[PDB]
Amino acid sequence: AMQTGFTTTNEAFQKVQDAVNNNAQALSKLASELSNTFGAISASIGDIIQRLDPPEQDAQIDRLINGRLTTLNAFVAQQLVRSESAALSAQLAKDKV
Amino acid sequence: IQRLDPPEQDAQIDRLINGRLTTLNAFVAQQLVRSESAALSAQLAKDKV
Amino acid sequence: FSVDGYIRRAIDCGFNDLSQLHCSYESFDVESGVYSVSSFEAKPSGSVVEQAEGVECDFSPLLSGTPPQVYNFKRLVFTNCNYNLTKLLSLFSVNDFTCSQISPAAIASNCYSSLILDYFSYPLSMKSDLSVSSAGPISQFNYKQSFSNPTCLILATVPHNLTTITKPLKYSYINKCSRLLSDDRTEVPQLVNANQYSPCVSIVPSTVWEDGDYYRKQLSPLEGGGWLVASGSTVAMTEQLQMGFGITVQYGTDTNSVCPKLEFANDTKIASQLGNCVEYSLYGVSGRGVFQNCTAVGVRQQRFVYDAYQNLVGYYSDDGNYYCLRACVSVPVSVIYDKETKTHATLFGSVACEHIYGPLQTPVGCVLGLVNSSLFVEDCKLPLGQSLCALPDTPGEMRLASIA
Amino acid sequence: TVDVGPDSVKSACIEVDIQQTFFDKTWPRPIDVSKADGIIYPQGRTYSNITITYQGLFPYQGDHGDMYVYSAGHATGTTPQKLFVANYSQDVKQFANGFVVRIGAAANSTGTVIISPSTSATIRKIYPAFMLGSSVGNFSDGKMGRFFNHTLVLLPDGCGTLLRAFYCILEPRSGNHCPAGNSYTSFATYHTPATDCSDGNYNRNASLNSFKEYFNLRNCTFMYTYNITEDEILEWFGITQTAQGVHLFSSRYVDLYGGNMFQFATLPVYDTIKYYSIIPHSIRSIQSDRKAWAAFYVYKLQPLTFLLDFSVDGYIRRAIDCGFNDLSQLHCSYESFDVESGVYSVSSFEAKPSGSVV
Amino acid sequence: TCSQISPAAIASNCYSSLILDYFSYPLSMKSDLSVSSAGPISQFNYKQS
Amino acid sequence: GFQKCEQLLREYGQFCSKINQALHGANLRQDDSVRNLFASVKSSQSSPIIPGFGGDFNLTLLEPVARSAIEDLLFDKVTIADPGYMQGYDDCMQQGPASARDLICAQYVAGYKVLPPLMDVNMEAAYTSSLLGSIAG
Amino acid sequence: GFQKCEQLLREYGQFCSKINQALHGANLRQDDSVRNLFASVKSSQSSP
Ligand SMILES: *[C@@H]1O[C@H](CO)[C@@H](O[C@@H]2O[C@H](CO)[C@@H](O[C@@H]3O[C@H](CO[C@H]4O[C@H](CO)[C@@H](O)[C@H](O)[C@@H]4O[C@H]4O[C@H](CO)[C@@H](O)[C@H](O)[C@@H]4O)[C@@H](O)[C@H](O[C@H]4O[C@H](CO)[C@@H](O)[C@H](O)[C@@H]4O[C@H]4O[C@H](CO)[C@@H](O)[C@H](O)[C@@H]4O)[C@@H]3O)[C@H](O)[C@H]2NC(C)=O)[C@H](O)[C@H]1NC(C)=O
Ligand SMILES: *[C@@H]1O[C@H](CO)[C@@H](O[C@@H]2O[C@H](CO)[C@@H](O[C@@H]3O[C@H](CO[C@H]4O[C@H](CO)[C@@H](O)[C@H](O)[C@@H]4O)[C@@H](O)[C@H](O[C@H]4O[C@H](CO)[C@@H](O)[C@H](O)[C@@H]4O)[C@@H]3O)[C@H](O)[C@H]2NC(C)=O)[C@H](O)[C@H]1NC(C)=O
Ligand SMILES: *[C@@H]1O[C@H](CO)[C@@H](O[C@@H]2O[C@H](CO)[C@@H](O[C@@H]3O[C@H](CO[C@H]4O[C@H](CO)[C@@H](O)[C@H](O)[C@@H]4O)[C@@H](O)[C@H](O[C@H]4O[C@H](CO)[C@@H](O)[C@H](O)[C@@H]4O)[C@@H]3O)[C@H](O)[C@H]2NC(C)=O)[C@H](O)[C@H]1NC(C)=O
Ligand SMILES: *[C@@H]1O[C@H](CO)[C@@H](O[C@@H]2O[C@H](CO)[C@@H](O[C@@H]3O[C@H](CO)[C@@H](O)[C@H](O[C@H]4O[C@H](CO)[C@@H](O)[C@H](O)[C@@H]4O)[C@@H]3O)[C@H](O)[C@H]2NC(C)=O)[C@H](O)[C@H]1NC(C)=O
Ligand SMILES: *[C@@H]1O[C@H](CO)[C@@H](O[C@@H]2O[C@H](CO)[C@@H](O[C@@H]3O[C@H](CO)[C@@H](O)[C@H](O)[C@@H]3O)[C@H](O)[C@H]2NC(C)=O)[C@H](O)[C@H]1NC(C)=O
Ligand SMILES: Nc1nc(=O)c2nc(CNc3ccc(C(=O)N[C@@H](CCC(=O)O)C(=O)O)cc3)cnc2[nH]1
Ligand SMILES: *[C@@H]1O[C@H](CO)[C@@H](O[C@@H]2O[C@H](CO)[C@@H](O)[C@H](O)[C@H]2NC(C)=O)[C@H](O)[C@H]1NC(C)=O
Ligand SMILES: *[C@@H]1O[C@H](CO)[C@@H](O[C@@H]2O[C@H](CO)[C@@H](O)[C@H](O)[C@H]2NC(C)=O)[C@H](O)[C@H]1NC(C)=O
Ligand SMILES: *[C@@H]1O[C@H](CO)[C@@H](O[C@@H]2O[C@H](CO)[C@@H](O)[C@H](O)[C@H]2NC(C)=O)[C@H](O)[C@H]1NC(C)=O
Ligand SMILES: *[C@@H]1O[C@H](CO)[C@@H](O[C@@H]2O[C@H](CO)[C@@H](O)[C@H](O)[C@H]2NC(C)=O)[C@H](O)[C@H]1NC(C)=O
Ligand SMILES: CC(=O)N[C@H]1[C@H]([C@H](O)[C@H](O)CO)O[C@@](O)(C(=O)O)C[C@@H]1O
Ligand SMILES: *[C@@H]1O[C@H](CO)[C@@H](O)[C@H](O)[C@H]1NC(C)=O
Ligand SMILES: *[C@@H]1O[C@H](CO)[C@@H](O)[C@H](O)[C@H]1NC(C)=O
Ligand SMILES: *[C@@H]1O[C@H](CO)[C@@H](O)[C@H](O)[C@H]1NC(C)=O
Ligand SMILES: *[C@@H]1O[C@H](CO)[C@@H](O)[C@H](O)[C@H]1NC(C)=O
Ligand SMILES: *[C@@H]1O[C@H](CO)[C@@H](O)[C@H](O)[C@H]1NC(C)=O
């Protein structure tokens, strides 16, 4: 009965797909955040340099830096949380085996 | 908006946005932590029953 | 730094991957392990440029007849042309030329979706009233520059020999513009919006006859009813006509086809550099990437094809071809380091050795500095992933071992 | 200034019969955003095979719009008489952010000849005429619909083979049945198919010449023409205004069989358009050769967020109006037309002020 | 006028170095020494750090 | 790669050192977790799995085909993007992104890298296979 | 509710989508936790 059980009504199976989706979400955060401007005139540093002089150029670049630093901190924090979570969970698997 | 024009108005609004975005991120992060914590804890209750 | 402060030992952090590792830990002593370091950057081997090449931007209307008053400024909108500011500026004695939200160097060299030129007669004695911080008559009722777009303001005097520009009898402006509501008690100031004309332009004549002249119009119910009222004021005409020029530029509402005139070479074509990493400037859109010939997607007339992350991923060229644009992908680098032997090897994860004892291909990428040993371990300290291990020779080169 | 040809030399205008009752029809064609109705394509770029949200000027989902229909004029046998129009010239609308127009939607269907309700005929596409400007008021007799100073007129001509756009001062003529004369009801344009819609040589000035009977054209800054290939295909037209001038959009030059609108022209009109009206049109056909004309629908635009589904070929075929309802909000938050079952929180129903205290 | 230093500070602070650039200059071209200027002086003659 | 940004990034201290060290530590933890887990699943003694293992009890979906049939089905039914551990760099240049928002090809664009697991598939299968053969005894 | 702020908020990407999805997921987890727990406390047989 289990041979054909890998369906949407199978909670264990869906949890497998969710774990996979969580890996994808972690990467989508890094990939999509680079398109943000965070208030800057462009998400492209090259455009900012192309258009502005240093006293204003620094301010626009700095917006992108703070946005991206925030993203990386958030990413790392979630990898640490997910890693710890998995490590605990690995112990649980050990106990079940 | 009542007091300032766009070149300065944006900067002041942007301060409020960054502050509020930070708050919401912190809120969500704690709900995720508290939720995970409770979920683990629910398993423990299951074992004790 | 030694105790006595002298520098006796140092690391050049950009020399190689191992040096990068020591610098990231700020230490000459780091632990054994496999560490990610900065990717090997791809560098441009050339550049490609496409710009509209054709008609120049026509500033002729500006040079003929009597310029309008500040509240009646005329607008020239330039698209799909080659612009040259010097060619305009050289005709006038420029008194003031300042830019906002764009550098001075950029205003004359960047590509724009559009360039909008607002020109009018303006006394230089009122210079300060065109400032963004001004609360005088000009910024409130006559002319205001955009706050959202980059702008430049030019004030210049018409030379005596530029006889194609004639003078008005006086300079004039609106010093009051307001509505009297239908209750006939409340008066509401009608402030001019950036890049727009004041609502009182329809009641104020092209030249104010006398300072203090008052104008009024009965508004229809469709206009909210009540009255529109205004007052004008004047400034005596100067020896030479003084003019203001407002420039506003937009950077991405269309193909940025308003560009400096560029003389093209055939070494900046896309077709001639396919497969290479190049810098590009395509009608003002720029960056680095690799062009490839591929199947046309998206709407052809829109030229630039973007992905869901707003990256440029395709381009329709004027040569009739459609190209796919890929980023100049970098080569991943990981340092395999053994602290006890002070030896190392480089792993280029997910990279075929076609791009790199020489290079050795493994299931996790290409390794440089490892020697294939067909040896098995259980006790692996430097796992490379999958079931691979770097096994120090002890010193010699690290061996590539399998985990049993 | 631009020479736009000679003035009309007629001492009188053709009498215009206004009978709004005959035009009070209910043929609703609301914007269906799932078919991408009324969508103006992202202007500086294209996308391929993705779904994204986009901020821009769009019609509201479910908006019925304002319906306008043109009709045959009065006739007795082979002699056309007075024109027959709706009360469109006095119906002045606020321009706001501009509008889009559904043109020829009913074409090929059997409809009614408006002037004679008992008579049916195959519906043919007709193009809308517009009058746009910054200031409005009344004519000498108190009727509304006069535009002051420079007015932008979008007047299709040549029996639907060209669009003529001009920006000029309209100086109402004082002859009989003209806006500054006696017995004035409404101005209207017209063409006479018997002499104007020859199979070969169409009269490309027929509607302009009739317009000129009501108004003298003075201080014209431009007059542009655009060519329209004849067909009965549903098409969209749009108009917006920015610092660059007035932008004219149309689906027929890029997405003829789709409906996405692309910019085809920019007009050097820099004063702010605040008002517009529909110029009524009446076709001076003979009594035995009356056609049914498709109604057109005008929908207002506003800055909305839409979810846009781009096909591989880049056209938008499906979209969501993110502010229409709570379900639409859900799809936009996931940037997808396919979301999972569940119970989701969405934006609260906002309370709006019903007044103010000071 | 001063930029990125207060008026009170320019006369009272200690510096690693002070660099003084002097030249003849018509007061009628005052505005062309502005950082926002796109005229001949800031483009081809003299620009401050 | 912009030198001007890097200059400004330095004003935030050793930011990237902290990002790299934190992820390095997390990644080592994952390898230690795997190594520890499999050390414990590992049997000291086991019977060989032979076709027919189970006797009257049909365990053929657990027998190695190598992964078992139920194990292959579990993997085949789950949608997983192929990280390209051996040559993903090249696949994303020669073929390009599989679809919109391809997070694997984004690695070499955005500046992130997915690392391979501590064990390959065959070794993981070896552990669960020997575990199966130990259950009865 | 201020349109000017919303315009600026859009420059931060799909920020609110991430907030809403994260909380939605957390809230579903709580319901799954409860459903699972009570499924296990539940007795198959019991005395009145
Ligand atoms: C944007 O728009 C701006 C403005 O339009 C453009 O800038 C102009 O660029 C042109 C070049 O393309 C430049 O022309 C050069 O002028 C100098 C100056 O000479 C004047 O003074 C001498 C005095 O001895 C006179 O003899 C000479 O005729 C000039 O006099 C002018 O003024 C008097 C009134 O006082 C008038 O009566 C005159 O008629 C005249 O208007 C020239 O020396 C220079 O000549 C060299 O280049 C030309 C190119 O055609 C060539 O034919 C000459 O033989 C000579 O070339 C040789 O020497 C050069 C080195 O200099 C070497 O490179 C060559 O190989 C040869 O060996 C030329 O005529 C003009 O001044 C600029 N104007 C401004 C305001 O900047 C700008 O280019 C545009 N940008 C873009 C991208 O389009
Ligand atoms: C935007 O569009 C509006 C609407 O068309 C324009 O406003 C109209 O302006 C005209 C003038 O150009 C008004 O017409 C008449 O103007 C006369 C002005 O007198 C001077 O000029 C005349 C020569 O034209 C000389 O002979 C005279 O000596 C003066 O030097 C008025 O005297 C006229 O008054 C008549 O009508 C009034 C009733 O309304 C009677 O009480 C008078 O006795 C007399 O019979 C007349 O006003 C026209 O009326 C204005 N229309 C409206 C609705 O106000 C705007 O000017 C235009 N804006 C721009 C910027 O172009
Ligand atoms: C009133 O009645 C007239 C007919 O008398 C209708 O006009 C037709 O409308 C249809 C639908 O818009 C048109 O069909 C389309 O034709 C396009 C091009 O046709 C030419 O090229 C093809 C080969 O590619 C030839 O076979 C053909 O003979 C022509 O020479 C096609 O490209 C269209 O296909 C695209 O859209 C469809 C639908 O989304 C996709 O499935 C396709 O993959 C592709 O993307 C389509 O077939 C037809 O050509 C028109 N005929 C005429 C004479 O104009 C009016 O629309 C109708 N009016 C109203 C209001 O209903
Ligand atoms: C139908 O509508 C069209 C508009 O779509 C209208 O077109 C206009 O025709 C007139 C001629 O009747 C054009 O005016 C000419 O333009 C040329 C430009 O090169 C000038 O050189 C001409 O100058 C001579 O003729 C003048 C006559 O008034 C003399 O005064 C002058 O000294 C010269 O001898 C003349 O200005 C006009 O440019 C076009 N406009 C547009 C927008 O195309 C056409 O006339 C209308 N037809 C009818 C029957 O009404
Ligand atoms: C032990 O259990 C396995 C199932 O886990 C049995 O194998 C299965 O046998 C059936 C026979 O009816 C196979 O059905 C066939 O499927 C194909 C499509 O793949 C279809 O075309 C055929 O017409 C037929 O319906 C089934 O696929 C097969 N499954 C597997 C995984 O092999 C096995 O026979 C049992 N052994 C004993 C001794 O009972
Ligand atoms: N001269 C002329 N012009 C026309 O455009 C015209 N159109 C019609 C038919 N018009 C219509 C338009 C819509 C529906 C219709 O089916 N509407 C739906 C409701 C759509 C909705 O509200 O979502 C309905 O069920 O009534 C019917 C007839 C008939 N005579 C005409 N005659
Ligand atoms: C357009 O996008 C769809 C996805 O929405 C692509 O369809 C996918 O194609 C891959 C590769 O063959 C399959 O693995 C997915 O299962 C497909 N998904 C769906 C929903 O069909 C489609 O191939 C794309 N079209 C083009 C020309 O790129
Ligand atoms: C022109 O005709 C229209 C349509 O008959 C009039 O608009 C209607 O006005 C009545 C009230 O008198 C409303 O109950 C209807 O709902 C309106 N219909 C529509 C479609 O809006 C309009 O007022 C008339 N305008 C003039 C100047 O006569
Ligand atoms: C419209 O154009 C005319 C020229 O064709 C402008 O000049 C007036 O023209 C009329 C008719 O020939 C003369 O009676 C006036 O005396 C002229 N006035 C001037 C000052 O020359 C007219 O001013 C223009 N109108 C607008 C609003 O621009
Ligand atoms: C718009 O359509 C008109 C009418 O077909 C085009 O004018 C014709 O151009 C040809 C070629 O120069 C001449 O031989 C005809 O005599 C012209 N006819 C008329 C009535 O003028 C016009 O060129 C088209 N415009 C565009 C941009 O294509
Ligand atoms: C708007 C209007 O008055 N329409 C009337 C027409 C016209 O008078 C004729 O078409 C003149 O050509 O005549 C009718 O008999 C008809 O044809 O049904 C009655 C109809 O109400
Ligand atoms: C104007 O041109 C003449 C030559 O025709 C010249 O002598 C005179 O100096 C010029 N005037 C100015 C102000 O440059
Ligand atoms: C390419 O440019 C060179 C000048 O550098 C010219 O001599 C050559 O003919 C050009 N070839 C083509 C195909 O344009
Ligand atoms: C690109 O491919 C098309 C076929 O799809 C071919 O016709 C065209 O010549 C190629 N262009 C280049 C520059 O190779
Ligand atoms: C090492 O050599 C053996 C043959 O002795 C070969 O089977 C194995 O694949 C090689 N390993 C690598 C990484 O090339
Ligand atoms: C509008 O109607 C009034 C009626 O008193 C008239 O005096 C006025 O002149 C009319 N408006 C226009 C523009 O003629």
# chains A, B, ... in the order shown; residues from 1 in each chain; ligands from 1
>>> residues_around(residues="residue 84 (chain A)", least_positions_apart="2", cutoff="12 Å", atoms="only C-alpha atoms", output="VMD selection string")
(chain A and resid 77 to 82 86 to 91) or (chain B and resid 33 36) or (chain F and resid 25 to 30 32 to 33)
>>> write_last_selection(atoms="N, CA, C and O atoms", output="CSV table (one decimal), in the first residue's frame")
chain,number,residue,atom,x,y,z
A,77,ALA,N,21.9,34.1,9.6
A,77,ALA,CA,21.2,33.8,10.8
A,77,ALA,C,20.2,32.6,10.5
A,77,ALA,O,20.1,31.7,11.4
A,78,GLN,N,19.6,32.6,9.4
A,78,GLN,CA,18.7,31.5,9.1
A,78,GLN,C,19.4,30.2,8.8
A,78,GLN,O,18.9,29.1,9.1
A,79,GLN,N,20.6,30.3,8.2
A,79,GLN,CA,21.4,29.0,8.0
A,79,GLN,C,21.8,28.5,9.4
A,79,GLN,O,21.8,27.3,9.5
A,80,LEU,N,22.1,29.3,10.3
A,80,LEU,CA,22.5,28.9,11.6
A,80,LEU,C,21.3,28.3,12.3
A,80,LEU,O,21.5,27.2,13.0
A,81,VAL,N,20.1,28.8,12.2
A,81,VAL,CA,18.9,28.3,12.8
A,81,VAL,C,18.6,27.0,12.2
A,81,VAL,O,18.2,26.0,12.9
A,82,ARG,N,18.6,26.9,10.9
A,82,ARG,CA,18.2,25.7,10.1
A,82,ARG,C,19.3,24.6,10.4
A,82,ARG,O,18.9,23.4,10.5
A,86,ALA,N,18.5,21.1,12.2
A,86,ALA,CA,18.8,19.8,11.6
A,86,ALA,C,19.7,19.0,12.4
A,86,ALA,O,19.7,17.8,12.4
A,87,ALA,N,20.6,19.6,13.1
A,87,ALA,CA,21.5,18.9,14.0
A,87,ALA,C,20.8,18.2,15.2
A,87,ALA,O,21.2,17.1,15.6
A,88,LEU,N,19.8,18.8,15.7
A,88,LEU,CA,19.0,18.3,16.8
A,88,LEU,C,18.2,17.1,16.3
A,88,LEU,O,18.0,16.2,17.0
A,89,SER,N,17.7,17.3,15.1
A,89,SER,CA,16.9,16.4,14.3
A,89,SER,C,17.7,15.2,13.9
A,89,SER,O,17.2,14.2,13.7
A,90,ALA,N,19.0,15.4,13.6
A,90,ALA,CA,19.8,14.3,13.3
A,90,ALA,C,19.9,13.3,14.6
A,90,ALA,O,20.0,12.2,14.4
A,91,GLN,N,20.0,13.9,15.8
A,91,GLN,CA,20.0,13.1,17.0
A,91,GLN,C,18.7,12.4,17.1
A,91,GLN,O,18.7,11.3,17.6
B,33,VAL,N,11.2,31.6,15.9
B,33,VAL,CA,11.9,31.0,17.0
B,33,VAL,C,11.0,30.4,18.0
B,33,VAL,O,11.2,29.3,18.5
B,36,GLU,N,9.1,27.4,16.5
B,36,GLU,CA,9.9,26.2,16.5
B,36,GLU,C,10.1,25.6,17.9
B,36,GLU,O,10.1,24.4,18.0
F,25,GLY,N,31.4,27.4,9.8
F,25,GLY,CA,31.1,26.6,11.0
F,25,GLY,C,29.8,25.9,10.9
F,25,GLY,O,29.8,24.7,11.3
F,26,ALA,N,28.8,26.5,10.3
F,26,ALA,CA,27.6,25.8,10.1
F,26,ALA,C,27.7,24.6,9.2
F,26,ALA,O,27.1,23.5,9.4
F,27,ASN,N,28.6,24.7,8.2
F,27,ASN,CA,28.8,23.7,7.2
F,27,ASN,C,29.6,22.5,7.8
F,27,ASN,O,29.3,21.4,7.6
F,28,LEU,N,30.5,22.9,8.7
F,28,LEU,CA,31.2,21.8,9.4
F,28,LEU,C,30.3,21.1,10.3
F,28,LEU,O,30.4,19.9,10.4
F,29,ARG,N,29.4,21.8,11.0
F,29,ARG,CA,28.4,21.2,11.9
F,29,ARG,C,27.6,20.1,11.1
F,29,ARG,O,27.3,19.1,11.7
F,30,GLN,N,27.2,20.5,9.9
F,30,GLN,CA,26.4,19.5,9.1
F,30,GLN,C,27.2,18.3,8.8
F,30,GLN,O,26.7,17.2,8.9
F,32,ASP,N,29.7,17.1,10.6
F,32,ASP,CA,29.8,16.3,11.9
F,32,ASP,C,28.5,15.6,12.2
F,32,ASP,O,28.6,14.5,12.8
F,33,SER,N,27.4,16.2,11.9
F,33,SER,CA,26.1,15.6,12.2
F,33,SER,C,25.9,14.4,11.4
F,33,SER,O,25.4,13.4,11.9
>>> interface_residues(of="chain A", to="chain F", cutoff="7 Å", atoms="only C-alpha atoms", output="ChimeraX atom specification")
/A:3,17,20,27-28,31,61,76,80,83,87,90,94,97
>>> closest_atom_pairs(of="chain G", to="chain B", cutoff="8 Å", atoms="only C-alpha atoms", output="JSON lines")
{"residue": "G:5", "atom": "CA", "partner": "B:13", "partner_atom": "CA", "distance": 6.6}
{"residue": "G:8", "atom": "CA", "partner": "B:14", "partner_atom": "CA", "distance": 7.2}
{"residue": "G:9", "atom": "CA", "partner": "B:17", "partner_atom": "CA", "distance": 7.1}
{"residue": "G:19", "atom": "CA", "partner": "B:28", "partner_atom": "CA", "distance": 6.8}
{"residue": "G:22", "atom": "CA", "partner": "B:28", "partner_atom": "CA", "distance": 7.0}
{"residue": "G:23", "atom": "CA", "partner": "B:28", "partner_atom": "CA", "distance": 6.6}
{"residue": "G:26", "atom": "CA", "partner": "B:32", "partner_atom": "CA", "distance": 6.1}
{"residue": "G:29", "atom": "CA", "partner": "B:35", "partner_atom": "CA", "distance": 7.5}
{"residue": "G:30", "atom": "CA", "partner": "B:35", "partner_atom": "CA", "distance": 6.8}
{"residue": "G:33", "atom": "CA", "partner": "B:39", "partner_atom": "CA", "distance": 5.9}
{"residue": "G:34", "atom": "CA", "partner": "B:42", "partner_atom": "CA", "distance": 7.6}
{"residue": "G:37", "atom": "CA", "partner": "B:46", "partner_atom": "CA", "distance": 5.8}
{"residue": "G:40", "atom": "CA", "partner": "B:46", "partner_atom": "CA", "distance": 6.6}
{"residue": "G:41", "atom": "CA", "partner": "B:49", "partner_atom": "CA", "distance": 6.4}
>>> write_last_selection(atoms="N, CA, C and O atoms", output="CSV table (one decimal), in the first residue's frame")
chain,number,residue,atom,x,y,z
G,5,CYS,N,4.5,56.7,0.9
G,5,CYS,CA,5.3,55.7,1.6
G,5,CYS,C,5.3,54.4,0.8
G,5,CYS,O,6.3,53.7,0.6
G,8,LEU,N,7.8,54.2,-1.8
G,8,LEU,CA,9.1,54.0,-1.4
G,8,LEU,C,9.3,52.6,-0.8
G,8,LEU,O,10.4,52.0,-1.0
G,9,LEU,N,8.3,52.0,-0.3
G,9,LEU,CA,8.3,50.7,0.2
G,9,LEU,C,8.6,49.7,-0.9
G,9,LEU,O,9.3,48.7,-0.7
G,19,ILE,N,7.1,38.8,4.8
G,19,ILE,CA,6.6,38.9,6.1
G,19,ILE,C,5.4,38.0,6.2
G,19,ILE,O,5.2,37.3,7.2
G,22,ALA,N,6.1,34.2,5.8
G,22,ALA,CA,6.8,33.6,7.0
G,22,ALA,C,5.9,33.4,8.1
G,22,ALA,O,5.9,32.3,8.7
G,23,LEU,N,5.0,34.3,8.4
G,23,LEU,CA,4.0,34.2,9.5
G,23,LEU,C,3.0,33.1,9.1
G,23,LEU,O,2.5,32.4,10.0
G,26,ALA,N,4.5,29.8,9.8
G,26,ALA,CA,4.6,29.6,11.2
G,26,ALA,C,3.3,29.2,11.8
G,26,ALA,O,3.2,28.4,12.7
G,29,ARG,N,2.4,25.8,11.0
G,29,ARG,CA,3.1,24.8,11.8
G,29,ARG,C,2.5,24.6,13.1
G,29,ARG,O,2.4,23.5,13.6
G,30,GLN,N,1.9,25.7,13.7
G,30,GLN,CA,1.3,25.6,15.0
G,30,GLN,C,0.0,24.7,14.9
G,30,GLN,O,-0.2,23.9,15.8
G,33,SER,N,1.2,21.1,14.6
G,33,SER,CA,1.7,20.7,15.9
G,33,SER,C,0.5,20.3,16.8
G,33,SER,O,0.6,19.2,17.5
G,34,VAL,N,-0.5,21.1,16.8
G,34,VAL,CA,-1.7,20.8,17.6
G,34,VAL,C,-2.4,19.5,17.1
G,34,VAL,O,-2.8,18.6,17.9
G,37,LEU,N,-0.3,16.5,18.0
G,37,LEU,CA,-0.3,16.2,19.5
G,37,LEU,C,-1.6,15.6,19.9
G,37,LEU,O,-1.5,14.5,20.6
G,40,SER,N,-2.2,12.0,19.1
G,40,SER,CA,-1.5,11.1,19.9
G,40,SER,C,-2.1,11.0,21.4
G,40,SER,O,-2.0,9.9,22.0
G,41,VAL,N,-2.6,12.1,21.9
G,41,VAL,CA,-3.2,12.0,23.2
G,41,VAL,C,-4.4,11.2,23.2
G,41,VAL,O,-4.8,10.4,24.1
>>> residues_near_ligand(ligand="ligand 12", cutoff="9 Å", atoms="only C-alpha atoms and all ligand atoms", output="PDB file with N, CA and C atoms, in the first residue's frame")
ATOM      1  N   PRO C 159      24.459  86.920 -26.161  1.00  0.00           N
ATOM      2  CA  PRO C 159      25.493  87.774 -26.709  1.00  0.00           C
ATOM      3  C   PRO C 159      24.915  88.779 -27.681  1.00  0.00           C
ATOM      4  N   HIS C 160      25.578  89.915 -27.820  1.00  0.00           N
ATOM      5  CA  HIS C 160      25.111  90.955 -28.735  1.00  0.00           C
ATOM      6  C   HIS C 160      25.033  90.511 -30.199  1.00  0.00           C
ATOM      7  N   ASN C 161      25.916  89.589 -30.620  1.00  0.00           N
ATOM      8  CA  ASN C 161      25.970  89.104 -31.998  1.00  0.00           C
ATOM      9  C   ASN C 161      24.978  87.960 -32.280  1.00  0.00           C
ATOM     10  N   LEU C 162      24.227  87.472 -31.265  1.00  0.00           N
ATOM     11  CA  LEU C 162      23.246  86.400 -31.473  1.00  0.00           C
ATOM     12  C   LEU C 162      21.918  87.074 -31.786  1.00  0.00           C
TER      13      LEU C 162
END
>>> residues_near_ligand(ligand="ligand 11", cutoff="9 Å", atoms="only C-alpha atoms and all ligand atoms", output="NGL selection string")
:D and (17-22 or 72-77 or 80-81 or 84-85 or 114-119 or 286-287)
>>> write_last_selection(atoms="C-alpha atoms", output="compact mmCIF listing (two decimals), in the first residue's frame")
# COMPACT_ATOMS: atom_id res chain seq x y z
CA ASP D 17 -30.60 66.59 -33.58
CA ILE D 18 -29.81 65.48 -30.04
CA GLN D 19 -31.93 62.62 -28.77
CA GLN D 20 -30.10 60.96 -25.93
CA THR D 21 -32.90 58.47 -25.33
CA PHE D 22 -31.87 56.61 -28.49
CA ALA D 72 -26.51 57.32 -38.78
CA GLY D 73 -28.07 60.71 -39.26
CA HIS D 74 -31.54 61.56 -40.50
CA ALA D 75 -32.47 60.86 -44.08
CA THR D 76 -35.33 60.69 -46.52
CA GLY D 77 -34.60 58.20 -49.24
CA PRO D 80 -29.34 62.87 -45.94
CA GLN D 81 -30.73 65.52 -43.64
CA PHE D 84 -28.27 62.55 -35.19
CA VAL D 85 -26.19 62.54 -32.05
CA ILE D 114 -29.58 53.66 -33.46
CA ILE D 115 -31.66 56.21 -35.33
CA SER D 116 -34.19 53.54 -36.27
CA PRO D 117 -34.52 50.95 -33.43
CA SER D 118 -36.66 48.61 -35.55
CA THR D 119 -33.82 48.22 -38.06
CA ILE D 286 -28.97 57.48 -47.12
CA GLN D 287 -32.03 55.99 -45.46
